[PDB]
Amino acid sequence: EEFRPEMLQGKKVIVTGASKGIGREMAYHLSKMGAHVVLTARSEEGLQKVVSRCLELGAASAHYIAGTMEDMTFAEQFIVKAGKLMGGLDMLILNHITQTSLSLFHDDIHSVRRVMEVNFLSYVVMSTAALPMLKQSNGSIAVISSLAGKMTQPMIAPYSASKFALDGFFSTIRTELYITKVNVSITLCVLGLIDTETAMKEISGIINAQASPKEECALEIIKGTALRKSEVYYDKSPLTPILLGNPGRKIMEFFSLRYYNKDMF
């Protein structure tokens, strides 16, 4: 199976955190492929610029709904509104996160909660609300994560906890959908350092690593999700996918199912 930009022509796609960074780049790529898109983020001014650029790029349709993912009711209602605007949904791309800064963890529990709320909870809420429509189109969900969701590095404990949580939850959902024969795919995207101005600003004077181009990253996420792959790794080093792939875990998961009462699903 090889990718062809035709696979997204006419598709109905939602993209969160599309105001800038990887999100904005995915909007552009989806637009050049003739897809229908609905974007979201906090700033209405920023969303308007990208939506304009989207039609200008060939988007079969482009719209935006500004709001904060800290509000679960908004996250939930966002999905249904987007669904109505496009008359369905083929692909959901959960990409947004809350403002994170690098620092050794001290206290600030309220910060950890906000991180788990926006980075994790809003994702389960949106995926839950979008599943009905996704089941109708045998759609897909792309969950944006990072190396920090597969490994540990200092100064990002909260962020790291939220990304690990995403793997735990959605990997379970993926196998439940598959075990109950529902044709909806879940692609976890493991991203290394990307040259977004947010990232660069944040690791300045702290991290030395080389960053990858945000445009190609955006493309690989689209490709892997359209190809219904379980996981997509994108990092400068070709060793990252092999060192973080965890083949031992795959073996354990396969054999674990043999203990379940097959009548439960």
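Note that residue numbering follows the sequence shown and begins at 1.
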| property | result |
| --- | --- |
| Per the entry, higher mean C-alpha B factor between 39-47 and 226-234 | 39-47 |
| 106-114 versus 121-129 - greater average Cα B-factor per the deposited record | 106-114 |
| Criterion, highest CA B-factor; candidates, 203, 221, 211, 62 | 62 |
| Given 181, 174, 96, 150, the residue at which the Cα B factor reaches its maximum | 181 |
| CA B-factor ranking of residue 23, expressed as a third of its chain | middle |
| Third of the chain's Cα B-factor distribution that residue 134 belongs to, per the entry | middle |
| B-factor third for the C-alpha atom of residue 55 within its chain | highest |
| Third assignment of residue 243 from its chain's C-alpha B-factors | lowest |
| Relative C-alpha B-factor of residue 207, binned into the chain's lowest, middle or highest third | lowest |
